C-alpha cells in the first residue's frame, strides 16, 4: 500500500511534488523518498491520465518532469559526407535535454534539464 500522500494505480504509487528543481535534482529527489522510486514513467495512456489527476493544482500551460533524460546524447549520429568518427570524441556533443509533460494534453516537451519544474515520483515496492 502506498505511503501517505501517494495515490495508487496498477500496482504503483505516485506523488506530485510542487518542488522546483532541475531534472537531476528531480530524479535524485525521488530516489530518496522510497527505495526504487524515480521520476514518473508513462507506459500506457491510462497511466498518464491517472498522473494527470494528481497534477491539477498546477497552472495551465506548465510541465512536470518525467523519467527521461539526455535524449540527444544517447542517439547515434552521422554526417552527410559520411565522415568517420569515434563516439568517444563526442562526449557532450548535443544538448543535455530531458522530457517534461503537460498534464492537460499530455504532450511531452524535450527541454534543457537545467530548468526548474514541478514533478511526479513513482515506485511499487
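Numbering follows the first chain given and starts at 1.
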Can you tell me whether 40 to 48 has a higher mean C-alpha B factor than 58 to 66 in this record, or the other way round?
40 to 48
Quick one: say whether 81 to 89 or 49 to 57 has the higher mean Cα B-factor in the deposited entry.
49 to 57
Where does residue 23 sit by CA temperature factor within its chain: lowest, middle or highest third?
lowest
Determine, from the deposited record, the chain-internal third of the Cα B-factor for residue 118: lowest, middle or highest.
lowest
Using only modelled residues of the chain, where does the Cα B factor of residue 73 rank: lowest third, middle third or highest third?
lowest
Entry-reported C-alpha B-factor of residue 112 relative to its chain, by third, is lowest
